[PDB]
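Q: here come the first chain(s), positioned as in the complex:
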Amino acid sequence: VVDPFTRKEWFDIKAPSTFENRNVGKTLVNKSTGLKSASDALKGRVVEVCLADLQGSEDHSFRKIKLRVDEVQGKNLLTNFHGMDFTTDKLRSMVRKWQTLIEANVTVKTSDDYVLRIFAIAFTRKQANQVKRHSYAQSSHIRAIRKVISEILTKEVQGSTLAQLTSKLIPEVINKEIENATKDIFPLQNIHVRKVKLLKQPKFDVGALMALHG
Amino acid sequence: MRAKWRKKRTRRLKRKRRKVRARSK
């Protein structure tokens, strides 16, 4: 004889800066009561929204983003970066037979000292005139590709936090410099950053967090 | 019977003669 629905505090979630709609969605909590409240208890959750819902454009159907809640201000709780994933279907559709798959990754620091591990995948493409039906590279090929990818990734990070790295990933410049330094080794197709996870964030600093807000 | 159980049959059997004979060493 209750129904928490006639009891629950209600809320709406706002994205951060370098995207499209900062307006994201809605949520349910629990009235900020004396002893256990709507504030401190939770809020600091996370939200997975496909950036195509978050950028509008569909040339972005895959690629999912983690938005974590850090601060709150009355029916208005903001968010920052917490990671990026791919979609299971897109990935599952790049992994065709008769070709080499290649992955590489590195754990690396930024300015605003978040620590992250970013990922990268690419596949050997057929030479547009090639007769033999598979096309694989040569391990020696693979070794070199990963070392260059690894080289480029360690470079691109330690830009202005995720924030600029965030700004770096969205237009996928990374994806292309790879292809550029790579095409001298072996063809390759797809080539994405696939994943990037956060595992050590610095300290709150309510200031810098508020810098993505207006 | 299946060869292998028969092989097991006689393994058992040898361990038995191996036993009884030790009663008299």
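A: The structure has been received and is ready for your questions. Residues are numbered from 1 along each chain as shown, chains lettered A, B, ... in the order given.
Q: only C-alpha atoms from now on, for both contacts and neighbour counts.
A: Will do.
Q: what secondary structure does the residue nearest in space to the middle of chain B sit in?
A: Nearest residue to the geometric centre of chain B (C-alpha atoms, centre = their mean): residue B:13, 1.8 Å. At residue B:13, secondary structure determined by DSSP: H, G, I helix; E, B strand; the rest coil is helix.
Q: ok, residue A:211 next?
A: Applying three-state DSSP: residue A:211 is helix.
Q: which parts of the chain are helices?
A: Since no chain was named, I'll use chain A. Ranges of helices in chain A, per DSSP state H, are A:51-55, A:88-92, A:140-156, A:161-169, A:173-182, A:206-209.
Q: try again with chain B
A: So, for chain B - with DSSP H - the helices run B:3-22.
Q: check which residues of stretch A:158-165 are buried.
A: Residues of stretch A:158-165 classed as buried: A:158-159, A:161-165 (neighbour count, 16 or more other C-alpha atoms under 10 Å in any protein chain shown).
Q: do stretch A:32-43 as well
A: Result for stretch A:32-43 [16+ other C-alpha under 10 Å]: buried residues A:38-39, A:43.
Q: nearest spatial neighbour of the residue nearest the centre of chain A, skipping sequence neighbours?
A: Geometric centre of chain A, nearest residue: residue A:84, 1.9 Å, by C-alpha atoms, centre = their mean. Closest residue to residue A:84 in three dimensions, ignoring its sequence neighbours and counting by C-alpha to C-alpha, 6 or more residues apart in numbering or on different chains: residue A:65, at 4.5 Å.
Q: same check on residue A:50?
A: Using C-alpha to C-alpha, 6+ apart, the nearest residue to residue A:50 is residue A:64, at 4.3 Å.
Q: spit out the contact partners of the one you found.
A: With contact taken as C-alpha atoms under 8 Å, 6 or more residues apart in numbering or on different chains, residue A:64 is in contact with A:48-51, A:84-87.
Q: what number of residues lie near residue 1?
A: Here I'm looking at chain A. 3 (other C-alpha atoms under 10 Å in any protein chain shown).
Q: hmm, no, I was thinking of chain B.
A: 6.
Q: again with the one 3 residues further on
A: The burial metric for residue B:4, expressed as a neighbour count using other C-alpha under 10 Å, is 9.
Q: ok, it to residue A:66 distance?
A: Relative to residue A:66, residue B:4 is positioned 60 Å away (C-alpha to C-alpha, to the nearest Å).
Q: same deal with residue A:94?
A: 23 Å.
Q: got it, and residue A:12?
A: 17 Å.
Q: so which of the two has more stuff around it?
A: Neighbour comparison, residue A:12 and residue A:66: the larger count goes to residue A:66, with 20 against 15 (by other C-alpha under 10 Å).
Q: report the contact partners of the more buried one.
A: A:46-49, A:81-85.
Q: sequence below should go in as chain C:
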Amino acid sequence: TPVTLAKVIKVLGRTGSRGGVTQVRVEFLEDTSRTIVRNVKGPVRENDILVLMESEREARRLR
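A: Okay, chain C now, added to the rest:
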């Protein structure tokens, strides 16, 4: 209530494991120029008229 008349233009064959059901392609008279495949219950030949109780929904197989 709308009626919707469609004249049988081709007989496709039998489905339904039993085999009482007949696939058929019909053509509306009230605005032709569009065709749909239906499943009939009784005996059927070319040029007969089914009263499709609703107009836009076709089947295929029958188990």
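Q: quick one, what contacts residue C:20?
A: Here residue C:20 is in contact with C:14, C:41-42 (C-alpha under 8 Å, 6+ apart).
Q: the residue nearest to the centre of chain A contacts residue A:63, doesn't it?
A: Yes. If you go by C-alpha atoms under 8 Å, residue A:84 and residue A:63 touch, sitting 6.9 Å apart.
Q: shared neighbours of the two, which are they?
A: residue A:194.
Q: bridging residues for residue A:68?
A: Beta-bridge pairing of residue A:68, defined through DSSP bridges, involves residue A:46, residue A:80.
Q: neighbours of it, how many?
A: 19.
Q: from residue A:198, how far off is it?
A: Taking C-alpha to C-alpha, one finds residue A:68 at 11 Å from residue A:198.
Q: again with residue A:90
A: Residue A:90 is 22 Å from residue A:198, by C-alpha to C-alpha.
Q: of the contacts of residue C:20, which belong to strands?
A: residue C:14 (DSSP state E).
Q: and of the contacts of residue C:20, the nearest to residue A:194?
A: Of all the contacts of residue C:20, residue A:194 sits closest to residue C:14, with 51.3 Å by C-alpha to C-alpha.
Q: now do the contacts for that closest one.
A: C:20-23.
Q: top of those residues by neighbour count?
A: residue C:23 leads these on contacts (other C-alpha under 10 Å) with 22 neighbours.
Q: run a quick neighbour tally on the residue nearest to it when sequence neighbours are not counted.
A: Using C-alpha to C-alpha, 6+ apart and skipping the chain neighbours, the partner closest in space to residue C:23 is residue C:39 (4.7 Å). Residue C:39 has 21 neighbours, counted by other C-alpha under 10 Å.
Q: now do the one 3 residues further on
A: Per other C-alpha under 10 Å, the neighbour tally for residue C:42 reads 8.
Q: dump the residue contacts of it.
A: C:20-22.
Q: so which of these are in strands?
A: Using DSSP E, those in strands are C:21-22.
Q: ok so, going back, what sits against the residue nearest to the centre of chain B?
A: Here residue B:13 is in contact with no residue (C-alpha under 8 Å, 6+ apart).
Q: what separates it from residue B:24, distance-wise?
A: For residue B:13 relative to residue B:24 (C-alpha to C-alpha), the value is 18 Å.
Q: on that earlier part again, out of the contacts of residue C:42, which is nearest to residue C:58?
A: Using C-alpha to C-alpha, the contacts of residue C:42 come closest to residue C:58 at residue C:22, 12.9 Å.
Q: show me the beta-bridge partners of the closest one.
A: Bridge pairing for residue C:22 - DSSP bridges - gives residue C:14, residue C:40.
Q: ok, now residue A:13?
A: residue A:25, residue A:77.
Q: here's chain D, drop it onto the model above:
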Amino acid sequence: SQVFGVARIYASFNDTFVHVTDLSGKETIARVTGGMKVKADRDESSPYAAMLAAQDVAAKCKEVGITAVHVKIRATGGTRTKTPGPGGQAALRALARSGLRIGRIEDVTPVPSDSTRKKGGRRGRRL
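A: Once chain D is put in with the chains from before, the structure reads:
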């Protein structure tokens, strides 16, 4: 346009789970399954039941305050079957037909970079 939540359908065999939560996941909103809407054990997974649970789930969904929802369909997974149960498909249709909205739906069945010994022993589950 709408208010977005998360649908999340776990459909194994022998039962199908449907339950919607807040887009973050932390706070949920109504569940109900196929085992709930029939009594017969044997008929716990079947689409007929999932449809009924899709119906119940839709009701409370737009009886609390959620107009729309993204779904994350999912099989057992792990060292198990990896394939979609029967009554996840039915549930999906029977929660769009309900009069709710649908936007972006991916698969989330846990798939390992394989391992931990599968159950049932090397000679297979034999009968």
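Q: go back to the neighbour count of residue A:1, now with chain D?
A: Neighbours around residue A:1, by other C-alpha under 10 Å: 3.
Q: quick one: it and chain D, what's the gap?
A: Counting by C-alpha to the nearest C-alpha, to the nearest Å, the gap from residue A:1 to chain D is 16 Å.
Q: with residue C:53 instead?
A: 22 Å.
Q: so that residue, which of the three states?
A: coil.
Q: so it touches residue C:4, yeah?
A: Yes. At 6.5 Å, residue C:53 and residue C:4 qualify as touching, with contact defined as C-alpha under 8 Å.
Q: between these two, which one's more packed in?
A: Applying other C-alpha under 10 Å to residue C:53 and residue C:4 shows that residue C:4 carries more neighbours, namely 16 against 11.
Q: name the nearest residue to the more buried one, ignoring sequence neighbours.
A: Using C-alpha to C-alpha, 6+ apart and skipping residues adjacent in sequence, the residue nearest residue C:4 is residue C:52, 5.4 Å away.
Q: what's the answer for residue A:209, then?
A: Per C-alpha to C-alpha, 6+ apart, closest to residue A:209 is residue A:80, 7.4 Å.
Q: go on, residue A:126?
A: In space, residue A:126 is closest to residue A:135, 5.8 Å off (C-alpha to C-alpha, 6+ apart).
Q: compute the number of surrounding residues for that neighbour.
A: Residue A:135 - counted by other C-alpha under 10 Å - has 16 other residues nearby.
Q: quick check: the residue of chain B found nearest chain A vs chain D, distance?
A: Per C-alpha to the nearest C-alpha, residue B:4 is where chain B lies closest to chain A, at 43.3 Å. From residue B:4 over to chain D the distance is 18 Å, taken as C-alpha to the nearest C-alpha.
Q: how about residue A:125?
A: 24 Å.
Q: again with residue C:42
A: 30 Å.
Q: what's the answer for residue A:126, then?
A: For residue A:126, the distance to chain D - C-alpha to the nearest C-alpha - is 27 Å.
Q: try residue A:187
A: 27 Å.
Q: can you check residue C:5 too?
A: 28 Å.
Q: residue contacts, the residue nearest to that residue when sequence neighbours are not counted?
A: Nearest non-adjacent residue to residue C:5, counting by C-alpha to C-alpha, 6+ apart: residue C:51, 5.1 Å away. Neighbour list for residue C:51: C:3-6 [criterion: C-alpha under 8 Å, 6+ apart].
Q: with secondary structure added, can I get those in CSV?
A: Listed next are the contacts of residue C:51 as CSV, based on three-state DSSP:
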residue, secondary structure
C:3, coil
C:4, coil
C:5, strand
C:6, strand
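Q: drop anything exposed from those residues.
A: Buried among those by 16+ other C-alpha under 10 Å: C:4-6.
Q: now do the closest residue to chain D within chain C against residue C:29, distance only.
A: Proximity of chain C to chain D (C-alpha to the nearest C-alpha) peaks at residue C:57, 16.2 Å away. Separation of residue C:57 from residue C:29 (C-alpha to C-alpha): 17 Å.
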